[PDB]
> 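Structure incoming, see below.
Counting convention: from 1, in listed order, for ligands and their atoms alike. Naming: A, B, ... by sequence-line order, numbering from 1 per chain. FYI, side chains are in, hydrogens and waters are out, and symmetry mates aren't considered; it's all heavy atoms of this structure.
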Amino acid sequence: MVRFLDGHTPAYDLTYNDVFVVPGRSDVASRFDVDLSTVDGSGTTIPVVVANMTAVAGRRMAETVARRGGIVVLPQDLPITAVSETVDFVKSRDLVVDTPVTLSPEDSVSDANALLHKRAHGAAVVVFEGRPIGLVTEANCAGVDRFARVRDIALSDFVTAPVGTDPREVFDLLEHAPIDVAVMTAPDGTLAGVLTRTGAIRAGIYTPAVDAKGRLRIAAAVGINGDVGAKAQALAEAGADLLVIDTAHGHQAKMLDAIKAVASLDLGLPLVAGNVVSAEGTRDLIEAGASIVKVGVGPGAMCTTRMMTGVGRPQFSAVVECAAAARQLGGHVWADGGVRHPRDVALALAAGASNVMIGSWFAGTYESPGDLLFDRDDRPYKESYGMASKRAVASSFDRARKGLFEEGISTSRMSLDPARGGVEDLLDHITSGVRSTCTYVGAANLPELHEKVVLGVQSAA
Amino acid sequence: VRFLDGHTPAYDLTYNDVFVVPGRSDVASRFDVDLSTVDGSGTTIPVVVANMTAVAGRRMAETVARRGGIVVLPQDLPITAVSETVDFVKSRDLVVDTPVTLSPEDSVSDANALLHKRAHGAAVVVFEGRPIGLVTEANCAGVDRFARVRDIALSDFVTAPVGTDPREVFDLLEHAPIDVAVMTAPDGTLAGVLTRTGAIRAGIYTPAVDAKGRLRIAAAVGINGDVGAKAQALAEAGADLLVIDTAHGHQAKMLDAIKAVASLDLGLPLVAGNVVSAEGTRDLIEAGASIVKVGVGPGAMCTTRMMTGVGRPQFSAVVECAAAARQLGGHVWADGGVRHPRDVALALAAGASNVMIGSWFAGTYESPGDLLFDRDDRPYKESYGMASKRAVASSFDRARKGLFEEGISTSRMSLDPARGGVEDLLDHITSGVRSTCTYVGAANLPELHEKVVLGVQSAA
Amino acid sequence: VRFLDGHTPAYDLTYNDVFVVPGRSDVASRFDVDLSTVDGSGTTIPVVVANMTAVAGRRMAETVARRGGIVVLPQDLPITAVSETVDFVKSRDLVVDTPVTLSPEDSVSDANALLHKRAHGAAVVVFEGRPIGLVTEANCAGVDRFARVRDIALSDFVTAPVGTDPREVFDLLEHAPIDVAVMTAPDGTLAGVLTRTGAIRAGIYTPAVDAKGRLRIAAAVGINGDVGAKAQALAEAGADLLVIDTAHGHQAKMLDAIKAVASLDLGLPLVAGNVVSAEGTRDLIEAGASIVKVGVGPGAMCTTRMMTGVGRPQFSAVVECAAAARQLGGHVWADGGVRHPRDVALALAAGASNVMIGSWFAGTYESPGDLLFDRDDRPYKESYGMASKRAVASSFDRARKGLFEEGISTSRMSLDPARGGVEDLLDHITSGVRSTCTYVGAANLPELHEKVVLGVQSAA
Ligand SMILES: Nc1ncnc2c1ncn2[C@@H]1O[C@H](COP(=O)(O)OP(=O)(O)OP(=O)(O)O)[C@@H](O)[C@H]1O
Ligand SMILES: Nc1ncnc2c1ncn2[C@@H]1O[C@H](COP(=O)(O)OP(=O)(O)OP(=O)(O)O)[C@@H](O)[C@H]1O
Ligand SMILES: Nc1ncnc2c1ncn2[C@@H]1O[C@H](COP(=O)(O)OP(=O)(O)OP(=O)(O)O)[C@@H](O)[C@H]1O
Ligand SMILES: O=c1[nH]cnc2c1ncn2[C@@H]1O[C@H](COP(=O)(O)O)[C@@H](O)[C@H]1O
Ligand SMILES: O=c1[nH]cnc2c1ncn2[C@@H]1O[C@H](COP(=O)(O)O)[C@@H](O)[C@H]1O
Ligand SMILES: O=c1[nH]cnc2c1ncn2[C@@H]1O[C@H](COP(=O)(O)O)[C@@H](O)[C@H]1O
């Protein structure tokens with residue numbers, strides 16, 4: 001339960017910008033003595049959930065984040081065949097070794113240059129008949145005819161190791177390698193994946209989020225139109241480890257009905273529903289059958305929902321109120337929206353959320369589905385965009401009529417960090433910060449963070 | 001500390017949030033104010049230079065101590081470098097400054113680069129330890145940059161025996177083309193320089209000195225490793241004050257470190273930090289600190305706050321911690337976020353006994369970094385943080401732990417084209433604080449904290 | 001030279017006015033061309049570095065001579081520095097290069113600055129003459145700039161004994177993370193470094209060497225004072241070639257100086273300049289010069305032309321003077337305005353035996369000036385003129401003569417973010433000139449001038 005400094009009782013509600021954490025007496029010396037695992041049934045080992053947005057939640061993101069202990073929620077209305085293919089891909093991945101970009105010897109240098117940035121490894125693996133035969137780097141593509149063949153620029157010499165080799169050993173094998181990529185082989189010699197020095201280190205820091213079969217975790221979202229029960233059962237059968245019942249205004253009869261319909265199917269999976277920003281909405285969603293309530297409605301005062309409707313709530317106050325209500329009912333809260341810095345993750349957790357959902361921030365990474373773009377200053381970025389009517393309740397004349405008022409798709413430019421270009425660099429950034437918040441507070445884990453935290457309010461100074 | 005009636009905000013206060021209400025005053029002159037501190041640091045003005053490699057070099061330590069401040073050498077400075085730095089500072093004259101020196105065989109290019117390590121506007125050419133000429137920036141212009149210093153140096157300059165009264169040196173320089181007097185030892189060797197402004201400052205600032213009359217200096221130590229052994233070595237090297245420094249001072253490892261150092265009975269004032277709470281202040285004092293350094297993420301948009309959400313608005317932090325320390329007979333240093341003389345005055349009004357300044361003083365001639373110039377040819381220097389040297393701590397194992405460590409962030413600190421030296425900043429700071437006391441009716445720093453009335457203002 | 005029929009313009013020609021027409025060629029490969037010169041300079045490529053303090057330092061002299069050029073030390077360099085420079089250059093290895101070296105106790109800040117004095121991308125850390133590590137620019141990033149080199153140096157690096165076949169060293173570096181081989185003397189002390197590109201260049205460029213197999217170097221003298229005594233001392237210090245240099249070469253004081261030096265019978269090639277006319281070329285050769293340096297105000301907008309109206313378009317100047325020198329068995333150096341490989345090729349087509357290059361080579365790592373960065377953070381260095389060191393020459397009287405002296409003009413020469421080393425410029429120049437020869441059908445430089453057909457183009 002949060003405590004505020006004496007007298008810090010503002011006549012207004014609080015954003016992540018309004019509050020600070022006061023250090024407390026601590027005997028948690030090292031960041032690594034903190035346990036970042038969550039307690040809400042999601043199965044995450046770090047408190048990061050990737051938002052059910054097409055701009056962010058693709059198969060590369062789902063593999064990469066779950067390996068480091070987060071979970072990705074697939075966007076609602078992804079066709080069920082594509083759900084199954086995505087789940088099968090993620091759940092066939094190695095828990096340590098990553099999936100590289102692969103090239104044919106007959107690919108063009110131009111196509112190789114474009115594909116390289118789909119992963120953060122800095123190299124693609126040339127394969128012939130399933131066997132790795134070389135590496136292609138960005139440097140190998142410079143100053144050559146963009147329609148030359150990959151065969152003519154690929155490097156035949158690279159570090160290789162059998163899949164299952166200790167990450168400690170792979171790390172040392174790469175110490176004096178020119179290219180910081182080890183090509184991992186299956187017993188027959190075919191490609192099993194890659195491991196970089198930083199990937200080797202991360203294996204010893206992050207615990208993979210895994211299902212009961214030991215395969216990487218993945219979640220899936222459903223909107224509240226149509227046959228919500230049938231959609232949810234299909235997602236469960238496709239292999240989702242967690243269902244998110246998602247709508248813009250969660251505190252409404254159609255959402256309550258949808259939760260009861262999914263809960264009555266007894267699918268055996270944690271059920272998230274949202275979004276609300278009130279204790280009353282939180283209670284009603286839990287009593288309908290959800291165990292996790294997703295919290296966040298127009299948290300940004302200048303963002304589209306607030307400027308169209310006036311409707312929203314400052315997110316820190318929303319999470320504090322909803323998490324306390326959920327805690328009294330045996331449930332949990334996900335803080336959804338507005339996260340742009342590790343501070344926001346730490347404050348949402350201090351406020352009592354069990355997990356933090358991140359959307360547009362993660363669009364600005366190699367692993368998000370969108371294409372890598374470059375602005376006027378040649379700086380890298382990717383476009384985030386909203387789910388719009390896929391989060392809303394719903395003749396050719398009649399089609400245009402209902403379509404006239406629906407929300408447009410807003411687009412934002414999310415710059416890639418030249419130093420944190422991969423999502424795993426953001427995860428290092430986020431969890432380094434949260435681990436530090438825990439040491440300042442005196443907390444050895446996330447329950448203790450929320451139990452011990454002291455907060456204050458600051459002015460616009 | 002007294003606020004205007006009703007000024008009880010539902011939030012904590014930064015330096016930007018508050019103002020001092022003038023009071024009835026009989027303190028007419030700025031110079032009637034006593035700026036000396038009462039915390040055992042020995043400073044005669046309330047300025048301490050932060051233990052940061054970007055700021056706390058030997059030129060800074062000499063220059064600030066002569067004007068009554070003290071410089072804290074950065075933690076993990078190797079002990080031989082500590083001894084060499086202390087021996088340099090403690091061999092400096094109390095009035096006469098150390099100039100840039102040049103060999104006749106140095107190049108004009110090197111002379112030009114070295115001139116800006118001090119604020120004197122002239123380097124002294126020396127031969128066999130004795131002054132033979134002056135080099136100015138104007139002497140370097142329009143000359144082949146690989147010409148020798150001997151071919152641009154001025155052989156005519158004001159000289160006087162070291163020990164000459166600063167008033168008389170001031171007058172000797174009144175009609176000199178170059179505002180630099182070259183001071184000599186009895187054997188003719190260079191003893192230092194004195195400018196007309198340096199001579200005036202000798203009459204305004206009392207040097208901060210040890211019991212032997214030598215310039216004061218302090219040294220910091222982090223809480224990893226053998227803190228007692230490190231502190232004992234710093235004491236034997238001659239530090240006048242020890243600073244036990246860590247990002248999160250309110251933790252067991254810091255309490256243990258204070259007790260270990262205190263048990264060695266080194267005979268020096270012990271500073272420990274950083275905290276921002278009354279409880280943290282009490283705990284550091286009870287472990288053995290006499291002075292508590294206060295400041296944790298005071299800037300809402302700076303790295304610590306944006307990484308962790310952790311911190312506290314610095315005026316409120318200093319108010320609460322100073323009051324806690326004073327009940328126990330201790331003191332607090334206000335550490336962080338100082339950018340204007342107002343911040344120094346407000347820290348003291350809040351009850352701090354001393355104010356620690358870091359990045360602001362990086363933008364001076366005397367800081368250790370190189371003088372740089374931006375797109376508009378304006379001078380600046382980079383300040384950067386101490387990072388993991390303030391944090392608690394196989395090649396795989398090393399890279400594992402190194403992954404999460406705080407990176408070194410850098411900021412550009414512009415030099416004032418009129419306050420380019422740190423002593424100009426000290427003039428600016430102490431002129432302002434003296435005026436704050438005259439407005440409050442205070443004749444010294446205890447009276448400033450006792451008599452001040454403060455108010456809160458809006459974002460207007 | 002032959003010009004296309006009717007190409008007889010009513011004006012003189014710059015390097016921008018002319019083009020070379022391809023001829024029937026059986027010179028297939030650029031590597032079949034012999035770029036060695038025939039003027040007694042001993043260069044194996046037609047490049048001479050100008051006698052300018054902005055360019056002609058010891059690192060440049062070593063680096064260019066190893067690739068077959070020669071550097072002319074600036075006039076009025078003190079004879080003790082001449083001797084030190086000559087001794088440095090003539091003790092260099094003909095294949096292995098001199099690296100930047102560092103002490104383990106140097107700062108990261110100093111290491112970063114020194115790295116750019118060579119093009120190797122790495123400095124060698126030395127303790128007691130022995131190499132113990134390599135420092136790269138990447139090693140310096142993200143660490144405290146006052147950390148010690150010891151804490152960032154890489155202890156793993158490729159090493160081979162001096163005398164190892166360059167082709168073997170090239171192979172040894174194929175999978176090395178750092179493209180630098182540390183070459184050792186028999187006792188294991190540092191002898192130098194070799195990179196993969198340095199290994200390749202050893203198979204392309206023949207070092208310019210004296211009869212004892214040591215790298216060649218030249219030295220310049222102005223025409224004031226005791227020219228014969230100065231020339232004698234330069235020869236005694238070991239210069240392989242002397243340059244008698246003045247702004248207006250066609251004058252009595254220059255003729256006297258050439259005769260004075262010629263009469264000493266020093267046994268060295270003797271360059272004198274500068275002139276732009278057939279009459280001046282004949283007079284300098286008759287006075288005793290073997291090589292005439294050609295070039296006076298070749299740029300219509302540069303300082304000499306804008307101050308006096310005096311000069312001559314350089315391509316016409318070279319054509320006229322080279323033809324005149326050939327009638328007397330002499331040679332011509334094309335001095336001034338070279339900015340592209342085209343200019344070198346056109347100078348040689350015009351009949352020059354060698355091409356002297358100044359400010360272009362200031363924008364390299366190996367030039368003596370410091371590496372600078374412009375408003376866009378792009379690397380550059382400043383070239384500047386020798387000014388009154390090329391001119392004929394009470395403190396009142398000194399100021400009277402000084403009032404009219406030429407000021408030093410300064411210009412920014414940007415480094416190529418790739419071709420930052422002077423050897424990269426030599427690759428650019430000699431690749432171009434070799435191509436010119438293949439287009440002309442010439443197997444060597446005399447054939448280039450004998451076979452070339454030129455044309456004139458308009459301003460379009
Ligand atoms: N059939 C589909 N209908 C609608 N959206 C889809 C469909 N298939 C995939 N998507 C969406 O396209 C985006 C990219 O999905 P995914 O990463 O699975 O594609 P991919 O082509 O396999 O990826 P990659 O770019 O790595 O080749 C996601 O937003 C996903 O939800
Ligand atoms: N051996 C060392 N290891 C690490 N840091 C050092 C060492 N010696 C000095 N420093 C740091 O380098 C910076 C400059 O130190 P200092 O001014 O004493 O050096 P200096 O070279 O003698 O000075 P100057 O700038 O006048 O030439 C300071 O941050 C200091 O702490
Ligand atoms: N004593 C001197 N007087 C005048 N000019 C000099 C003197 N010594 C060197 N120079 C000039 O200084 C410049 C640099 O010379 P040189 O390269 O020999 O110096 P260095 O200090 O050994 O170089 P570096 O350390 O940068 O490699 C050249 O223009 C050279 O002519
Ligand atoms: O089109 C949209 N409009 C408004 N909110 C949206 C839209 N699409 C997604 N959202 C919400 O915004 C969250 C992501 O917020 P972000 O992390 O600040 O980008 C999602 O998890 C949804 O709750
Ligand atoms: O790397 C760092 N991160 C955060 N705080 C730092 C760092 N280095 C120094 N500090 C603190 O910042 C103070 C200086 O603050 P400044 O005067 O605002 O620059 C120091 O005295 C330390 O308390
Ligand atoms: O100060 C100067 N003014 C004019 N010409 C100069 C000066 N210094 C050197 N020079 C000449 O300019 C040549 C170099 O020309 P650059 O290669 O175009 O820079 C030298 O070799 C000299 O002939």
Side-chain angles (χ1 to χ4, degrees), chain A residues 49-56 73 221 244 246 248 274-275 294 296-300 303-305 334 336-340 344 357-363 384-392 407-410 412 414, chain B residues 105 107-109 144-148 151, chain C residues 48-61 72-74 76-78 80-82 84-85 88 100 114 117-118 220 245 247 273-274 293 295-299 302-304 333 335-339 356-362 366-370 383-391 406-409 411 413:
Chain A
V49 181
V50 178
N52 42 296
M53 296 168 71
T54 48
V56 190
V73 186
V244 175
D246 183 52
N275 282 19
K294 194 153 65 65
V297 177
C303 291
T304 292
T305 297
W334 285 6
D336 178 18
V339 173
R340 302 290 187 279
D344 304 329
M357 173 170 280
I358 302 178
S360 58
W361 190 7
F362 283 7
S384 184
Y385 59 90
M387 287 287 283
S389 66
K390 297 181 200 166
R391 306 191 72 235
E407 180 185 4
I409 301 181
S410 63
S412 307
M414 315 301 308
Chain B
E105 288 297 330
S107 70
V108 168
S109 175
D144 192 308
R145 72 192 59 189
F146 295 112
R148 300 300 94 176
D151 299 316
Chain C
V48 177
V49 179
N51 42 292
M52 293 169 67
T53 43
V55 198
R58 78 182 51 208
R59 289 180 276 117
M60 183 72 67
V72 187
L73 295 182
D76 303 331
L77 184 62
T80 52
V82 174
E84 287 166 357
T85 302
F88 177 78
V100 172
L114 295 168
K117 289 168 75 168
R118 301 287 181 156
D245 180 54
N274 282 19
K293 196 149 61 64
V296 178
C302 297
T303 294
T304 300
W333 284 7
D335 176 19
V338 174
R339 301 290 187 287
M356 172 170 280
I357 302 185
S359 53
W360 187 10
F361 285 6
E366 297 86 359
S367 75
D370 297 330
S383 178
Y384 59 93
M386 293 283 281
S388 65
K389 291 176 209 183
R390 307 194 72 233
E406 176 181 9
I408 300 169
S409 312
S411 50
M413 318 302 300

> Find all atoms of ligand 6 within a distance of less than 4.0 Å from any non-hydrogen atom belonging to C/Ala50, and give their numbers and elements.
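Answer, ordered by atom number: 21 (O).
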> Please write down residue, atom name and distance for the protein heavy atom closest to atom 15 (O) of ligand 3.
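Of every protein heavy atom, C/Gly57 CA, 4.4 Å lies nearest to atom 15 (O) of ligand 3.
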> Say whether C/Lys389 and ligand 6 are in contact under the criterion: heavy-atom distance to a ligand atom below 4.0 Å.
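Heavy atoms of C/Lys389 never come under 4.0 Å of ligand 6.
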> Counting each atom of ligand 3 from 1 as listed, which ones have a heavy atom of C/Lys117 under 4.0 Å away?
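Checking each atom against C/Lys117, I get 24 (P), 25 (O), 26 (O), 27 (O).
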> Using a 4.0 Å cutoff against the non-hydrogen atoms of A/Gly338, which atoms of ligand 4 qualify?
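Per the distance check, 16 (P), 18 (O).
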> How far is atom 7 (C) of ligand 6 from its nearest protein heavy atom, and which residue and atom name does that atom have?
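Of the protein heavy atoms, C/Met386 N, 3.8 Å lies nearest.
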> List the closest protein heavy-atom neighbour of atom 17 (O) of ligand 4: residue, atom name, distance to the nearest 0.1 Å.
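For this ligand atom, the closest protein heavy atom is A/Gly359 N, 2.8 Å.
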> What atoms in ligand 4 come closer than 4.0 Å to a heavy atom of A/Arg340?
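Ligand 4 atoms under the 4.0 Å threshold to A/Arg340: 16 (P), 17 (O), 18 (O).
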> Is C/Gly336 in contact with ligand 6, taking contact as a heavy-atom separation below 4.0 Å?
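C/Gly336 counts as a contact of ligand 6 under the 4.0 Å cut-off.
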> Please could you name the atoms of ligand 4 that A/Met357 approaches to less than 4.0 Å, counting only its heavy atoms?
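Near A/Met357, meaning under 4.0 Å from one of its heavy atoms, ligand 4 has 21 (O).
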> Pick one of side chain, backbone, both or neither for how C/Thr53 approaches ligand 3, counting any non-hydrogen atom pair under 4.0 Å.
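Looking at C/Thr53 and ligand 3, atoms from backbone and side chain both fall under 4.0 Å.
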> Would you say C/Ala56 has any N or O atom under 3.5 Å from an N or O of ligand 3, going by distance alone?
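Checking ligand 3 against C/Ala56, no N or O pair falls under 3.5 Å apart.
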> Taking NZ, NE, NH1 and NH2 as the nitrogens, is one of them in C/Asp76 or C/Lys389 under 4.0 Å from a carboxylate oxygen of the other?
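Result for this pair is no, no salt bridge flagged.
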> With atoms numbered from 1 as shown, which atoms in ligand 4 lie under 4.0 angstrom from a non-hydrogen atom of A/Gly386?
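Those of ligand 4 that fall under 4.0 Å from A/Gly386 are 1 (O), 2 (C), 7 (C), 8 (N).
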> Give me the residue, atom name and distance of the protein heavy atom closest to atom 3 (N) of ligand 6.
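Protein heavy atom with the smallest distance to atom 3 (N) of ligand 6: C/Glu406 OE2, 3.0 Å.
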> What's the shortest distance from atom 19 (O) of ligand 6 to any protein heavy atom, and which residue and atom give it?
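The answer is C/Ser359 OG, 2.7 Å.
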> Considering non-hydrogen atoms of the protein only, which is the closest contact for atom 20 (C) of ligand 6, and what is the distance?
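For atom 20 (C) of ligand 6, the nearest protein heavy atom is C/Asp335 OD1, 3.5 Å.
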> Measure the distance from atom 10 (N) of ligand 6 to every protein heavy atom, then report the residue, atom name and distance (to 0.1 Å) of the closest one.
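Nearest neighbour among protein heavy atoms for atom 10 (N) of ligand 6, to 0.1 Å: C/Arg390 CD, 3.8 Å.
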> Should you measure from each heavy atom of A/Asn275, which atoms of ligand 4 turn up under 4.0 Å away?
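With A/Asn275 as reference, the close atoms of ligand 4 come out as 23 (O).
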> Heavy-atom pairs closer than 4.0 Å: do any link ligand 3 to the side chain of B/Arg148, the backbone, both, or neither?
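The part of B/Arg148 near ligand 3 is the side chain, not the backbone.
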> Touching ligand 6 at all, C/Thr303? Heavy atoms, strictly under 4.0 Å?
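It does not; every heavy atom stays at 4.0 Å or beyond.
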